[PDB]
Structures are given as C-alpha cells and as structure tokens.
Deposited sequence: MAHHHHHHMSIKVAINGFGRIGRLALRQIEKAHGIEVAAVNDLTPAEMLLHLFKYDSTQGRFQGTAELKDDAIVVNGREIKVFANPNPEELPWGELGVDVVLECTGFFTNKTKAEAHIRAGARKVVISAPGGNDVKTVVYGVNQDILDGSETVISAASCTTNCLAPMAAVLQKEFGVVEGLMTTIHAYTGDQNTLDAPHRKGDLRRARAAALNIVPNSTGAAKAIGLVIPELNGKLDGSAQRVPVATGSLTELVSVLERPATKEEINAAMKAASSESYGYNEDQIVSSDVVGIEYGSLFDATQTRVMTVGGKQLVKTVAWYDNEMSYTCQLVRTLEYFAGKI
C-alpha cells in the first residue's frame, strides 16, 4: 500500500509502473493541483506516450483500471491524512523535511531524490542489501546515480578505480526555463531556454557515490551538459584504473553483471531508443575506449538511461524490496 507525494513526472510514471505491481498499490496521491489536471497529465504524456489503461475522475478520486485512488491538493505534508510515501515533490529532499510525512500519519518513506548523508541511499541492484527494514526514511538517489553506480561498481570490483571524472549528457528537465527568464534558484544557466541550448550545470552524483559504493568514496567527480532532448540521457565516466584493462574485458565484465536493473547494449542506439526502458542503467559496449600511452591507460565507459522511466523503475524496485521487511 503506497502513496505518492508530488504527481509530477516521477510520481505519475511511478503509478504507471506500480499498476503492474503485486502486493503494493497506489492508494492516494497529493499535489498542488486539481484532480482534473492531474488526471489529464496521467492519461496523456508527451514523452512516455498514452497511458495503457483506463483512467477517469470520480468524486475526490481517480479510477485507474476500475480501482479508486484518492487525490489531495495540499502544499503542507504534515496536514496529509495518511504504509510508504513516495516523496516526489523535489521540495523535501532531506530527513527533517521528509520527517513531516511521518508526522502526517504514514510509516516509512522513500525519497525520490538524494536524501542527504544521514539517510541510507540505495541504488537497486548495487546495494539494496544494506537495508534491514527498520529504516523510516530512505533515498533512492538521483537518476544519474542509478545510471552511474552499476557501471562504476563493476569498474571498482574488477579493476579498481584510482579516480574518475563523469560527464552526463542529460535531457532537459522542468527545472530549466522554457525561454530565457529569471530562474527561481538563481542558476544563470538553467535560466536559459531549455530546448535551444547545451547548458552546463553541476551535479553531485559522482561525488556522492560513496553512499552507494563506499570503496569509491572520494574517487569520482563530474558535471552535466543539458541538451535539447525531452527525455533520455547518458553518463560518460573517464577513469584511471588500478590494473590494466582492455575494451573487451571491460565489456565482458559489464555483461556479466547485467540484470533487470543493469542492461547491456551492443547496438548502435541513440537516445530516443532509450525512452521508456525499464533498466536503471544500460551499458553501451560500443562506446568503451581504453587508451594506452607508454603503458599508461585512460578509460572511457558509457551507460544510457531514461532519466524518467529508468529512474522510476529503480524507484519501484527499491520500493518493493523495502516493503518486504
């Protein structure tokens, strides 16, 4: 029995994915918007396509595949009439703010974002075992961490990482402006028209990797380039390894760790081929480069992800695992 705070991109897609899930179901959503607008945006999606199911608005609820889900329009989480709250508003990104859902009535909580260093942070398929169930607020990290972590863990376990720099070439998101206009958080680059620009912007995914993979703590950093695609992204990591490697060995080790969370690709795919996938990360063997200069090696590895759907499915896999405890 799950509940979704923030019926945004992540919140609405989560409901779509939970609709296919057993033993947990979305019982209620909360947003800042009337139900008619939430229902419309659930049914019709510019990048994820039409919802595959029935969705109609009843009195104070929406009916998805025959079942009723209550809808609320409150900007105060403490005043929510609440087992697990998917926190997807983007405004309660730490334990103190997310503790307000617990004092609204609900037991546990999964923050759909980095939740700080005082909350356990799980990338499903990498370190979900660190959870023992007694946690009240957990974090599923960022979209980029879920892409970076499986690739980086394999590099750490199989060769060891001295250090690495990341570049995520990222779809634009709603925290960028449609056209040039003042930006709420003072970011001079996110203020620019999103669909017209390559936009450099900072990201902490690589620096914070130690929360998911302790043995990479302090070894990675990087930054982002936002580009005019509405969803679909990739993460490059340029690293110095501790032992020699070939492109073939690197790719072979990637394939060995492939799972429902970590896909392995050998086709000449582009970003739109990645829209809607359910892997949290899709390794691209075609982009692996090991460059050797006088015995010294420098390595580039690349993984794709749908920053929307890839993260949503990871959010649901982690949500399911956390519930089984």
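- Stretches of the deposited sequence left without coordinates are 1 to 11, 94 to 98, 342, in sequence order.
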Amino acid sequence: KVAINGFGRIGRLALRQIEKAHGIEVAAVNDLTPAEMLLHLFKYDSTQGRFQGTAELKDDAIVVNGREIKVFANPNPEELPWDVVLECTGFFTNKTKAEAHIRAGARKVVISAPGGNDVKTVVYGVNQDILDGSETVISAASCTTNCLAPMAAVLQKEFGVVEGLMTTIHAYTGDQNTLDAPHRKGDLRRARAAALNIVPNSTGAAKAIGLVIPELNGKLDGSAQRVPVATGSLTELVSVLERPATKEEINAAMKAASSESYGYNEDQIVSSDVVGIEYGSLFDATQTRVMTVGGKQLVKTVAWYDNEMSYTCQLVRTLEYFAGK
From here on, numbers count along this sequence of modelled residues.
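The term rigid core refers to the most C-alpha atoms you can superpose between the two forms while keeping them within 1.5 Å.
- Of 202 to 210 and 224 to 232, the stretch whose C-alpha atoms sit farther from the shown form in 4 other deposited structures of this protein, after fitting on the rigid core, is 224 to 232.
- Farther from the shown form on average, by C-alpha root mean square after a core fit in 4 other deposited structures of this protein, is 50 to 58, of the stretches 50 to 58 and 255 to 263.
- Stretches 47 to 55 and 66 to 74 differ in mean CA B factor, with 66 to 74 having the higher one.
- Mean CA temperature factor is higher for 35 to 43 when stretches 35 to 43 and 268 to 276 are set side by side in the entry.
- The PDB entry gives the largest Cα B-factor of the residues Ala252, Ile102, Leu220, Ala245 to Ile102.
- As recorded in the entry, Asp83 carries the highest CA temperature factor of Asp83, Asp180, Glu236, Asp175.
- Among the modelled residues of its chain, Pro228 has a C-alpha B-factor that falls in the lowest third according to the deposited record.
- Per the PDB record, residue ranking by Cα B-factor puts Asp129 in the highest third of the chain.
- Sorting the modelled residues of the chain by their CA temperature factor places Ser142 in the middle third.
- Per the PDB record, residue ranking by Cα B-factor puts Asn30 in the highest third of the chain.
- Ranked by Cα temperature factor within the chain, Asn201 sits in the lowest third according to the deposited record.
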